[PDB]
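Written out below as C-alpha cells is the structure these notes cover.
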Amino acid sequence: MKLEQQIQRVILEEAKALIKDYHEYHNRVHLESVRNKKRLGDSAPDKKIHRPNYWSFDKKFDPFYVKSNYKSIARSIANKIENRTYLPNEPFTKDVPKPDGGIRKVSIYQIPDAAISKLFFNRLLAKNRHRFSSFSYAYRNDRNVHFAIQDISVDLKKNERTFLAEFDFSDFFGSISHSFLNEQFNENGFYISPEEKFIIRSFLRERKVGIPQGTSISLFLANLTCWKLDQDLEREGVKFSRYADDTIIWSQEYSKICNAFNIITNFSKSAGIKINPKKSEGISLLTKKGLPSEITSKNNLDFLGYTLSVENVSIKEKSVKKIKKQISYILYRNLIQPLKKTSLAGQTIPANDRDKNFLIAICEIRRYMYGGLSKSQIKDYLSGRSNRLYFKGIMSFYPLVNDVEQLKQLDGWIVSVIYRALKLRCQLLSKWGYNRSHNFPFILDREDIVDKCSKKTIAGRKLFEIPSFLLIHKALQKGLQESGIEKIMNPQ
Amino acid sequence: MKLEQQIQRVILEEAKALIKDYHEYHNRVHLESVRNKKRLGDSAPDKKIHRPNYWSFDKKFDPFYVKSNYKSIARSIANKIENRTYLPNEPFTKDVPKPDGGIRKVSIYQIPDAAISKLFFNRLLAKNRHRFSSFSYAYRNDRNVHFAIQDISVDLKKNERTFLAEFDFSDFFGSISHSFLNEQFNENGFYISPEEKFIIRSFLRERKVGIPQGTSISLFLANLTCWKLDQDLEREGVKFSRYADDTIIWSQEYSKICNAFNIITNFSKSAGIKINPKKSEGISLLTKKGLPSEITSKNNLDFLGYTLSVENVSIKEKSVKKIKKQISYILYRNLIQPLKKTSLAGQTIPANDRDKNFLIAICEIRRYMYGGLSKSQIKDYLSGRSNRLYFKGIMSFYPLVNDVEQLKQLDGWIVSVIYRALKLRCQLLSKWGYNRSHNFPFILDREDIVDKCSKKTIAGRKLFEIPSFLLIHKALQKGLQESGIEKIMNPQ
Amino acid sequence: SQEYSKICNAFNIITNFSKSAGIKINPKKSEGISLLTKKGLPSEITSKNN
RNA sequence: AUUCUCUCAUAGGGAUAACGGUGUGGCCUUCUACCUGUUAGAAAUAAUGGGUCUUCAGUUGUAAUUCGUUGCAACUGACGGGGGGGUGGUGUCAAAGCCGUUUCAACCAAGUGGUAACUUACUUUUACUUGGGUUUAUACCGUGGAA
RNA sequence: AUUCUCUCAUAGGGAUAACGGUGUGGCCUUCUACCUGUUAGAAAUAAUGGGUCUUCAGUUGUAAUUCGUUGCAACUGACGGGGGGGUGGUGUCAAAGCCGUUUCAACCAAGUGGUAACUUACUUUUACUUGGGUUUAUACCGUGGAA
C-alpha cells in the first residue's frame, strides 16, 4: 500500500487511544467521588474534572479535532514527505527540575509527528534488530530487564569472588556529536533507506548537538551509537549487561577489568560523552561473607530495583520502603483519618461486632498485593487441582526474588502495623464517647489476629483473611517453571 | 484450553497438509502428461499415478483415514499422556546408503506421533529461545544462514590476514551419551516441566545411545548439548559461527586459535563425540592474494554454498555446475531429444520463420532464472517508476553475492551454449530432409543473437529476450537496502 | 609467587578442587592473599613481615 | 457536535443531533477433591447450605525397576519482623550470653537538631488490576442538541 | 466414501453419495514516464495499436548552502565466458608477448584410461514459482456412487 494509508491508520489508532484513556479517566473519577462521599460523610469535598492544559496551546493537540480531520492531515504530510519539504513542529516542553533528581526535560510532540516517529521507528527496528548485541535490553521487543537479572543471577553462583566495575554517564542524550552520529550509518552492516535518512535528519535541524527526548525515533539512535563499544567489550573477553545508559561489567581477571576502563574511556572520548565522577563506584571485589579481601570489597550490588549477591536475589530497600509507605497510608486513610475531622456528621459508627471500614481496608490491601486472588485458589493451583492462574499484583514486578527471610519480616511488619492501627482507632473512638473495647476486632490480641480472622465468614467467602507474601512467592515459583518469564511477567 | 483441543487442532492441520499436497501433485502430473503428449507426438508414453508405498504398512499412515477418525485418536492419546502410559509406535526407516554420501538413515513417524513431537517442540523453543547463543543459526525461527554469511562477510574485510580452524564431527546424532543429556536439564537456567521431561524420555526408550533423526523433538536437543561449548568459546575471546554440526572459528592470535582446539577436544571427550580426521582441514592462515605466508595458507573458504574471501562473496563451484546442468538439460530436452526418435509422427516441423520449441525453451529458462519477470518491470523497479517487485527465482537463494565477473562469465556461457544447440538442431533437421538454414533463428550469428532477439515482438510482449544475471543482481542489491534480508529471501 | 595473576589463579584451582572433592574451606582460620616485604618498605595492599 | 459531507486539504465551507464509555444484572460457554443438612423427586439427577484438605525436606520399609528413581503406604521437621523501658530464671570467680513473663509506640523511626502531614497526591530502569465474548435488562459519566 | 453419525474410542458399529482441487475466462480492486496511428465523440474523455527511455562512476560550471552535499543543466566511461586447430600483423639480437581475421565442438570437458545418456529423474547446510480476494461462466484431475 501507499504511504498515505499507513499514515492514516497509524494516526487513527493514536487518536483513538487518548479518547479511550480519557473516557476511562472521568468514569474512575466519578466512582471515586461517590466512594469518597460515602466515606467522609458531609465533610467530603466537591468533584472536579480537569483537562490537559496543553490542549489549548495548539488545536492539533486535541485528539477529538485530530480524529475529525485526519484524512487531510494525512494527505498533506504525505505530499510534503514526497516533496522533501516536511518539518516537525516545535514541541511543548514544560518539564522542569525536581528536588534530588535531574531536570530530565521532556518534550511532548503533536499527534501527527509522534505517529510519524513511531511509524519510522518500527520499520528500522524490524530491519536492523539482528545486528544488535545479545547483552542490550532496552527499547527492544525481544529483551527485558528480567533476562539480564536471570543472566547475572546464574553467572554469579558459579564463582566465589569476582571483580566488578560500575560506571555512569552524565547527560547521555544531550551530548552526542552529530558528526559522529552521521558517520555510523555506513558501518556494521546496517540498512537505512534515503527516505529514512531524510526523516532522521529532519528531527535534528533545530539542535546543534544531542538528540531529542520524549520521541520514539531517538530510542533506535540510542542503541545505534554503542555498537562499537559492545563489539570491543565482547572482543575483550568479559561479561557485561547494558540497559540504556547504565552498565555493569564483571570478570575474574584484574587486568581484564582494568582494560575495560580504557575501552570505556576511549569510547567516551570518541563520542564526546563525559562520565560523572560522583555517581560511579569504581572497581571493587565481590566475595562471600566472612572471606577477607586485599582491596576494597563489598557483599552485594544493586541493579534496576534488585539486590544481587552470591547466594540470593532480593528486593531493593527503596522499593521495600515504598511498599511499606503504600500499605501504611492505606491503613491510615481507612482507619484514622475520618475520625480527626471537626464533626462526625454522616459517618457510620461500628456496632454489633461489625466494622465496614476494616473490611474495606483489608480488601484494598489484598487488591494491592495479590490482585484479588484467594488462598483457596492459590492452594488449588499449588496442588494441581486447577491449571490456570493470573498474576496482577505488585509481586508481578519482582518474579525472580527468592529471599524467604525478607518476606517473613514483611509479613510480621504487616501484622504489627495492623494491630497498632486498630489500637489507635479504638482509642480515638473512646475519646469520642463510644466504648467498643469488648467487640470485634478491638478485642483480639496480636498473637491471635491471623487465627481468628482466618475463620470469620461472610456470604460464604473468607473476606477477612490476611494476605501473605510467602504463598504468592510459592505460586510464582511454580508458575515460572510451567509457563515462563514472558508469560508470568507484567505487560508493563 | 485442555490438551485435547490442542492435539485435535494440530492433528487436523497436519492431516490436511498431506491431502493438499497430493491434490496438487496429481494435477501437476496430468498437466505435464498433456504437454509431454503435445511435445513427443505419438511416441509419448502413458500417464502413471503413484501412491506412497508405506501408506499400506499401517492404516494410521493414510491421512484420509487419520482425518476421518481424528477425535478418537486425540481422546485416547490425551488419556494415555495423563495416565503416564503413552509410547510412540515404531517408525518406518527405509533410508539406505547412497554413493559418495552418508547413509543418513531417516525414520518416518506416523501422523499422531509427529504431531505430538511438533506440539511439544514448539513450547520448549518458545520458553527457552532466550538462553541460546547469538552465533547458532540452525533450527530456530529468528536466525538463518544468511545472517552468518553477512557476519563473516562484514568481519573479514576489516583485516588483511586471519587464522582459521575448520573441524567436522562424525555421527553427530548417533553418539550422544544419555547420561550426559539427562544431566543438562538442570543447568544454564532452563525451564522444562515434568510432563515435558516424560515426553522427551518417552522418545529414547528403544535406543541405548544417540537420538532419533527425522523427528522435530530432536532439533531442540541438538542445540541443547552445545551450550557449554559455545559458552567456553565465547569466553575464550574468538569469533565463530555454528550451523548444525558444522562450525568455523577465526581469530587474530595463534595462541587463541590453538586453545580453541583444546576446548573442542575437551567438549568432544565430555560428550563422547569423536571428530572425523578425513573431512577436517585444520589450522590455516588466510591472506590476500600475492602476500607471502610463513605457514600453510589459502585464499578462500567455502561455507554453506558460498565462497567467502577477503574481497568478494561468490557462488560455490558445485552450485555453478548444477545451474549449468539444469540449463543444458532444458535446452537439450526442448531442442535435440525429440529429433532422435525412430519416427517423427505427430511432431511439428518449423516453417515460415516460426519455431514454437525455441520459444518454449526460452520461456522455461526465464522461469528458471527470473521467475517470470521482464526486463521492463526490472528497469521500472530500478528507476523508481514502480515500488513493488517479487523475487522467486534461483537467485533468491544467493542474495549476498557481489561477484560481477562470475555472472558475466555465466552470461557468455549461456549465449554460447544456446548458439551451439541451435546449430546442432539445424544439422539434425537437415539430416531429416528439411533445409531451414536461411530462416529464423538458424540464420542468426553468435554476435547478433541478443540484439536480434531483443527486437522481435509477439502480441505486444518481448517474449524472445535473453535473461541476464547482472540485471537481477542489480535489482536484488537495490531491494536489499529497501526491504531487508528476511523479506527478500526465499521462504525455504 | 611473584605474580598477582598467578596467585589469583591458585585460588580458582583450590576452589575447583574443593568443589570436585566436596571439601569445604573454613573462612575463619584462613588469612588470604598478602604481600610479604622487608621491614620499612611501603606496600600498596595488605602486607605483613613474617 | 467527538455525527456526516465538500474540496484550494497541518486549512477552510455546508448538513443533521446524537455519539463514545462505566457499575450492576442477564446469557454464552470455561480448569476443579470430598463429606454432610434441607428441598425437589427418583435417586437419572438436580436445586440450594454448611464444614475440611492441598506445599517442601526427611526417615523408612518395601514393590516397580527397565537397573534409576519411582510410586507408595506409615512416619517427623518446617511454615507471620524489629525497637525502647521494668521484672524472674541461669551465666560465671566476674561476666558476656541464654531463657519469658509485663508495659509504650498508625508508618518512614534499627533515627533526627526536631516529627507531623499526605493519594485526581509524590518520583530517575519504577509501572498494572480480578477467563473471555455478547446483551437497545437496568443507572449513570464527557461533550453536544433542546431550553 | 476423503460425507455424516454412534459409542467400549490408536478401535469397532449404522446412515446417506457426493466431496476435495487444477487450467482458462469473469468480477473486485491494486504501484506506474511519454510520443504517435485509427475509433468513438467532445476532446470531459474514453476505446483499442505501435514505438522509445529508465543503472553506476566521473569531469565540470555553477545555484542551493543551512556551511555539506545537494540539486542541476551539458559532458565521457562502463555494461553477454573459455578451449583446440590454421593464417597476417608487431615482438626482439632471439623472443615471450600483443594485436584479428577463418574453422571445430548440446552441457559437465580449463578433462578421462575412454564419452554417451537422463527430469514423476539425481542429491549431504541444497530448496520455490508469476498482487491478492471472490466467481455453482467454462474443462478437466483423486476417490466414491450408478453401471
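All heavy atoms count here, side chains included; hydrogens, waters and symmetry mates do not. A, B, ... follow the sequence lines: proteins, then strands. Residue 1 opens every chain.
Taking the side-chain contact (heavy atoms from CB on, under 4.5 Å) definition, one finds that A:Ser416 meets it with A:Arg420, A:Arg446, sequence neighbours left out. Among residues two or more places apart in sequence or in another chain, the salt bridge (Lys or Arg N to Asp or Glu O under 4.0 Å) test is passed with B:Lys59 by none. Looking at residues two or more places apart in sequence or on another chain, you find no side-chain hydrogen bond (donor to acceptor under 3.5 Å, both in side chains) involving A:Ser68. Partners of A:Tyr368 according to the side-chain contact (heavy atoms from CB on, under 4.5 Å) rule, which considers only residues two or more places apart in sequence or in another chain, are A:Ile323, A:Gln326, A:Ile327, A:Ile394.
Residue order along RNA chain E, read from the 5' end via each residue's closest nucleotide, puts B:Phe64 first among B:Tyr22 and B:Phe64. A residue-by-residue look at B:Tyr65 and B:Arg367 shows that B:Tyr65 has its nearest nucleotide of RNA chain E further toward the 5' end.
Between D:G81 and D:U32 there is no base pair of the Watson-Crick or G-U wobble kind with both donor-acceptor distances below 3.5 Å. Entry note: D:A11 and D:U7 meet the pairing test, Watson-Crick or G-U wobble at under 3.5 angstrom for both distances. Nucleotides E:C67 and E:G49 fail the pairing criterion: they make neither a Watson-Crick nor a G-U wobble pair with both donor-acceptor distances under 3.5 Å. Between E:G97 and E:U115, neither a Watson-Crick nor a G-U wobble pair is formed under the 3.5 Å criterion for both distances. Judged by the 3.5 Å cutoff on both pairing distances, D:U24 and D:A137 do not qualify as a Watson-Crick or G-U wobble pair. A Watson-Crick or G-U wobble pair does not link D:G82 to D:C34 when both relevant atom distances must lie under 3.5 Å.
Side chain A:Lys375 to base D:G80: a donor-acceptor pair is found below 3.5 Å. Checked by distance alone, A:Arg385 brings a side-chain donor or acceptor within 3.5 Å of a matching partner on the base of D:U54. In terms of polar N and O atoms assigned as donor or acceptor, the side chain of B:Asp380 never comes within less than 3.5 Å of the base of E:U32 in a complementary pairing. Remark: the A:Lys322 side chain and the D:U126 base include a donor-acceptor N/O pair separated by less than 3.5 Å.
In this step of the strand, D:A105 does not stack on D:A106, since the centres of their six-membered base rings are not under 5.5 Å apart with ring planes meeting at under 30°. Stacking holds between E:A42 and E:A43 under the rule that six-membered ring centres lie under 5.5 Å apart and planes differ by under 30°. Taking ring-centre separation below 5.5 Å and interplanar angle below 30 degrees as the test, the adjacent bases E:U16 and E:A17 pass. Judged by ring centres under 5.5 angstrom apart and ring planes under 30 degrees, E:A139 stacks on its strand neighbour E:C140.
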Listed pairs, N/O of protein and of nucleotides 7-9 of chain E, under 3.5 Å:
{"unit_1": "E:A9", "atom_1": "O2'", "unit_2": "B:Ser72", "atom_2": "O", "d": "3.3"}

For nucleotides 20-24 of chain E, which of its nitrogen or oxygen atoms have a protein nitrogen or oxygen under 3.5 Å away, and what is each distance?
{"unit_1": "E:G20", "atom_1": "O2'", "unit_2": "B:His23", "atom_2": "NE2", "d": "3.3"}

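Nearest to the side chain of A:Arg388, among E:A105, E:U54, D:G131, sits D:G131. The B:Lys423 side chain lies nearest to E:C104 when the options are E:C104, D:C128, D:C118.
Taking the charged nitrogens against the carboxylate oxygens, B:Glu24 and B:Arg28 have no contact shorter than 4.0 Å, which rules out a salt bridge.
Using a 4.5 Å heavy-atom cutoff, the side chains of A:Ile77 and A:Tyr86 are in contact.
Judged by ring centres under 5.5 Å apart and planes tilted less than 30 degrees, B:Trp413 fails to stack against the six-membered base ring of E:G81.
Remark: the backbone N or O of A:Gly460 is not paired with any side-chain donor or acceptor of A:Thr457 at under 3.5 angstrom.
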